[PDB]
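> here are the coordinates; sequence isn't available:
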Ligand SMILES: [Cu+2]
Ligand SMILES: [Cu+2]
Ligand SMILES: [Cu+2]
Ligand SMILES: [Cu+2]
């Protein structure tokens, strides 16, 4: 007559959920097949004085239950002050650490801080290369992104991005257009090291929050150089190799980068009402510019479909939609043309913003989150990724964040994070008929979650191709 | 087609589980009827430099979903170094904080540090008074326990305990007997305050670990005054009012206190083969002594059955058993006689230690934990509380800690905590046929858990009468 929660877990499979907790200061791996946390780590134990555990991505492991590795980064300084929490810390740490952590079959082991190895500290999205030989991090306080070597944690290339607005006033700096510079960023210290750990490099004193594009324009974000901000978000990888795409929130574009040859090749134009691309101009061997006549909308989330045939960029706030390019020609990204826009009448207000996304392994469906400020219920939209139409929206709870998916394609596992002070949980949805099977405890503020992949192929639908 | 985890929750009822997470630095409330974490708090956010969030207990609320209060304490100093975690903070904050926290129906709000209010800091067990008008804390580094008023957070009474060994050598200091002093503490600062926060008063640098009785005898616990140690653990409450019982680990006795009159009245002797009690001697209006000819075994967990008819004290390590007194005479604890001992062939070695307990509402059964060091399976023993025998033992996983029960008596809800570095979980067992229904994710190193009570009556089986 009693129900055994074990019966629930039995159907999910031998998959390991990993998620960091933002203001909780912790990261945890969970065994979906038993309901046990496998191990957890509190960064404060390692002298971290502002352990805002932000983004993460895990390398493929042949058996996650015996061992896996992952990267998780952190944020600090004034980012401690921007949620509902009445924080009382004098002199927070600066964050921007890039921690390397290994689960050994029993515990998590801190291996090192890659920001100290490389010299470069970055605080927003973390992705793995499709070869699983490296990883990338973006940051929108410094506006730098880089790909790092897995074995030595040294920077393979870093790029730095700057805004030169047509109108020198915060309110019009983006709307009235400008020129973005893409700059090769090279080390300064012995050892080929950067001098950019912690708050070194910050043009603004915290990451822009959702809608925070309005706050910066209204002069309400402090920083040394807000007029120069582009708010880089992510550096996402083409599952086919060669290309990395850096997303830029404030000017509403993506830059496609040639990873091995270390040049940008194409600028994708996000908003409805813009061409497929803007023109990339080379200024010298290390400097490119791109001219943006006006910014119609900021964008945010960016990602490839697991076969690399589609590239997506979400417009956010001013427009709320999913922009889709035909990325089928792997040879030449200057040829990638817009082929669809996903819209809904639901999406006409400032909110919801269409954010984190995961594809099914066959690329036929996507799960994309719908984020709102308190107190509107946040949730998940099911998208037909062949016709480019919304199939359904399901309502979940406050502050929906990331989605991941079991590699068999059967279950979408996401996190809700309570705006750091309220309801938080793991959500499980089956993808056969798109029903929510329900919620597991998760006393954490997650802005990321992955399922540990086993193979290079699994990476195509983990934290590699999308955020 | 699919199993919905919701169906598991449906059967549990509208109950709220709260637990702190020791090295996770966090405390979290969880809704058993949905699987959601309702709210969590990270003490680092408040500039707590050693948030070892240790014990806790919750006041009754008419509707815990709309609001409840709770007390959670912390530890610090060298307690940070006692797990397998390679902690890197060499000089941690002192801990001993006594946090008052209110869940307000949406978030957890830190209300104050009662140790700063009162001036007294204590790091081990926290219990609620049976009137819910106050709480108590004990501490085995400074050997002080106290009952505090709920409204002002000021000390009603505090008692300090001190050991004077027959033989002045740590190996023999307890086995060859001695005199324990029970001393009334008075405030020494302006404003009714004590001067006992943080490390002030410590005789030893960390709380004795399970087995730690041997380590202190072997000279291996550093400290100003280890020959004077008694390792106070708790102050538990008679559900009938009037009496409080302080447990002393090293000399293996419990002291019964008259709460309203602020005198000790009786000393109960723990080990199998000692009398019911030892003789309390009054020295002056603030000083009592008790002479202990030899200490046969240290003890640990102490608690009353919910009707107050039985009082239990566990012997641990040298003997492993449950000592039981007849406490039916509410008017005179000098009359309380040993009436039974629960033993098992199961309990043969040094380990398991039987460490935490919860009763059924009708007092007919008790659930008690079985703790071992890694890696032996830890678990739960079901005790017939009428005939005083072990009914059943179930194996669960690593590092079993506390037990609570839903107030309808239907489900035992415990925590397992991975020795701070490995697997951790919430466990649910039904009490009708004593089967483990399964586990829930819990990325915390819990040393305590409660279900938020609704009435004074519920308190008799919560963190008030037992630990
Ligand atoms: Cu992002
Ligand atoms: Cu974030
Ligand atoms: Cu105890
Ligand atoms: Cu403890």
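All right, it came through fine. Numbers count the residues shown, from 1 in each chain, chains lettered A, B, ... in the order given. Ligands and ions are numbered 1, 2, ... in the order given.

> so which residues of the stretch 201-350 of chain A form strands?
A:232-237, A:243-248, A:253-258, A:263-269, A:277-278, A:280-284, A:287-292, A:298-304, A:310-316, A:321-326, A:337-342 (DSSP state E, counting those that start in this stretch).

> can you add mean neighbour count and give these back as CSV?
Placement of C-beta: from N, CA and C, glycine included. Below are the strands of the stretch 201-350 of chain A laid out as CSV (neighbours: other CB atoms under 10 Å in any protein chain shown):
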stretch, mean neighbour count
strand A:232-237, 28
strand A:243-248, 27
strand A:253-258, 24
strand A:263-269, 22
strand A:277-278, 20
strand A:280-284, 13
strand A:287-292, 18
strand A:298-304, 28
strand A:310-316, 26
strand A:321-326, 22
strand A:337-342, 16
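
> for the longest helix belonging to chain A, which positions count as buried?
Criterion DSSP state H: the longest helix present in chain A is helix A:5-12. Of the residues in helix A:5-12, A:5-6, A:8-9, A:11-12 count as buried by neighbour count, 16 or more other CB atoms under 10 Å in any protein chain shown.

> got it, and stretch A:98-117?
Buried residues in stretch A:98-117 (16+ other CB under 10 Å): A:98-101, A:103, A:106-110, A:113-115, A:117.

> which pair of those residues spans the longest distance?
Greatest spatial distance in the buried residues of stretch A:98-117: A:106 and A:115, 27.0 Å, computed using CB to CB.

> distance between the helix or strand following the longest helix of chain A and the chain's centre?
The first helix or strand that comes after helix A:5-12 along the chain, using DSSP states H and E, is strand A:16-20. Here strand A:16-20 is found 15 Å from its chain centre; the criterion is CA atoms, centre = their mean, to the nearest Å.

> before we move on, the earlier item: can you lay out the strands of the stretch 201-350 of chain A as CSV showing distance to chain B?
Shown next, in CSV, are those (distance: least, CB to the nearest CB, whole Å):
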stretch, distance to chain B
strand A:232-237, 25
strand A:243-248, 30
strand A:253-258, 35
strand A:263-269, 38
strand A:277-278, 42
strand A:280-284, 44
strand A:287-292, 39
strand A:298-304, 25
strand A:310-316, 26
strand A:321-326, 28
strand A:337-342, 27
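
> can I get those strands in CSV with distance to residue B:258?
Output for the strands of the stretch 201-350 of chain A, formatted as CSV (distance: least, CB to CB, whole Å):
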stretch, distance to residue B:258
strand A:232-237, 65
strand A:243-248, 69
strand A:253-258, 75
strand A:263-269, 78
strand A:277-278, 83
strand A:280-284, 84
strand A:287-292, 80
strand A:298-304, 65
strand A:310-316, 66
strand A:321-326, 71
strand A:337-342, 73
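
> among those, which is nearest residue A:33?
Using CB to CB, those put strand A:298-304 closest to residue A:33, at 27.8 Å.

> what count of nearby residues applies to the closest residue to chain B within the stretch 151-300 of chain A?
In the stretch 151-300 of chain A, the residue found nearest to chain B is residue A:206; the distance is 15.8 Å by CB to the nearest CB. By the criterion of other CB atoms under 10 Å in any protein chain shown, residue A:206 has 22 neighbours.

> try the one 5 residues further on
Neighbouring residues of residue A:211 were enumerated by other CB under 10 Å; the total is 15.

> give me the distance between it and residue A:395.
Distance, residue A:211 to residue A:395, using CB to CB, to the nearest Å: 21 Å.

> please apply the same query to residue A:321.
Counting by CB to CB - residue A:321 and residue A:395 are separated by 20 Å.

> residue A:435 too?
Residue A:435 is 13 Å from residue A:395, by CB to CB.

> ok, now residue A:328?
The gap separating residue A:328 from residue A:395 is 35 Å, by CB to CB.

> quick one: the helices in chain A?
A:5-12, A:114-118, A:212-217, A:456-459.

> mind listing what's buried in the shortest one?
Counting neighbours by 16+ other CB under 10 Å, one finds that the buried residues in helix A:456-459 are A:458-459.

> residues in contact with it: which ones?
A:60, A:128, A:130-132, A:239, A:407, A:453, A:465 (CB atoms under 8 Å, 6 or more residues apart in numbering or on different chains).

> hmm, 6 Å instead?
A:60, A:130, A:407, A:453 (CB atoms under 6 Å, 6 or more residues apart in numbering or on different chains).

> quick check, nearest of those residues to chain B?
residue A:407 (18.1 Å).

> which residues does the closest one contact?
When contacts are counted by CB under 6 Å, 6+ apart, residue A:407 touches residue A:458.

> distance check, it against residue B:64.
Taking CB to CB, one finds residue A:407 at 39 Å from residue B:64.

> report the closest residue of the stretch 351-467 of chain A relative to chain B.
residue A:443 (3.3 Å).

> does that residue touch residue B:36 like I think?
No. In this structure, residue A:443 is not within contact of residue B:36 by CB atoms under 6 Å, at 9.9 Å.

> who's the residue lying closest to residue A:138 once chain neighbours are set aside bridged to?
Of all residues not flanking residue A:138 in the chain, residue A:145 sits nearest, at 4.2 Å (CB to CB, 6 or more residues apart in numbering or on different chains). Listed beta-bridge partners, residue A:145: residue A:138, residue A:159 (assigned using DSSP bridges).
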